[PDB]
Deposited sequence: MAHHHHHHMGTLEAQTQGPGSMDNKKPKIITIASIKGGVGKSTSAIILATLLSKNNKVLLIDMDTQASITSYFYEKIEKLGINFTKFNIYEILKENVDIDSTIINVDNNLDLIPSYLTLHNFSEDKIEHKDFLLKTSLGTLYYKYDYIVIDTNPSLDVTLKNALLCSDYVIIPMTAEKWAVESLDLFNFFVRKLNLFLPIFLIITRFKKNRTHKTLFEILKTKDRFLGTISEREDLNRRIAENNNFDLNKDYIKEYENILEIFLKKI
């Protein structure tokens, strides 16, 4: 076995990227050992788990993805058991410095650090900034798969082409899966859904929601995801 590495990406903010990362990781953790890596400067994943992190007394100020990236700390030192079968490498606001940092072989830092990791996971789920930036490159050059939660807004198709172009540029051959989030049974979603539904990499829909109905929709998605890999 080896870890199956999934990047959660979206070029649009507020479309449920980080929310999906958490819920998907959590569903996978029911029967798998899972690592979540919070490479989003927003740090929404780390903040979701903050109560658990504080209670464990973790010094994420010193042990976080940015410091892994700058090789000031080993990855082995940053890993937090935040839930059943679920580990986390947390994000911290110094990550904001990463786009401007001048580093040799900058794109392959996460790949290189993941190459040293002792601990073995079934799945690694990496959350990213909604930007086609150097962080996203570090994730993609690591990955086996990508999932893009996206909404039925103007420029949905075009954004897909934009993202694919970027991936092609990295000379990668990655399956990129699609999820329509904030879904409503209305006109504009029907237009996007009809275009998307015929893609082999389309996974399904998650309804807008202000054991629940949302979890089941995510379980569905996962089910289909696992049938296509």
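query: How would you list, in order, the spans of the deposited sequence that the model does not cover?
result: According to the record, the gaps fall at 1-24, 235-248.
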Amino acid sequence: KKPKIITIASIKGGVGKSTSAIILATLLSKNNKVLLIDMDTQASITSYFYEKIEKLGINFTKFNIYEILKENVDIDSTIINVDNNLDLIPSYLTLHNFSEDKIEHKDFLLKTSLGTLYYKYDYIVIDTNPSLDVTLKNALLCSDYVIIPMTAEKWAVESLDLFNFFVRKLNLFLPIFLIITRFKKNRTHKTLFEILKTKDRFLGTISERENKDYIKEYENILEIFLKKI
From here on, numbers count along this sequence of modelled residues.
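- request: Quick one: say whether 135-143 or 70-78 has the higher mean Cα B-factor in the deposited entry.
  value: For C-alpha atoms only, the mean B-factor is higher in 70-78.
field: Of 192-200 and 57-65, the one with larger mean CA B-factor
entry: Between 192-200 and 57-65, it is 192-200 that shows the higher mean C-alpha B-factor.
task: Choose from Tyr123, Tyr92, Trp155, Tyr119 the residue with the greatest Cα B-factor as stated in the PDB record.
output: Comparing C-alpha B-factors across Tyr123, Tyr92, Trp155, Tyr119, the top value belongs to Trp155.
task: Among the candidates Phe177, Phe173, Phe183, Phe166, give the one with the maximum CA B-factor reported in the record.
output: Max CA B-factor in the entry, restricted to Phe177, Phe173, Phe183, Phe166: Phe183.
message: Splitting the chain's C-alpha B-factors into thirds, which one does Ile229 fall into?
response: According to the entry, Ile229 has a C-alpha B-factor in the chain's highest third.
- request: Give the position of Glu104 by CA B-factor within its chain, expressed as the lowest, middle or highest third.
  value: Highest third - that is where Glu104 ends up once the chain's C-alpha B-factors are sorted.
query: For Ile221, does the deposited CA B-factor place it in the lowest, middle or highest third of the chain?
result: Within its chain, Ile221 is a middle-third residue by C-alpha B-factor, going by the deposited values.
query: How does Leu110 rank on Cα B-factor within its chain, lowest, middle or highest third?
result: Its C-alpha B-factor, which the entry lists for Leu110, ranks in the lowest third among residues of this chain.
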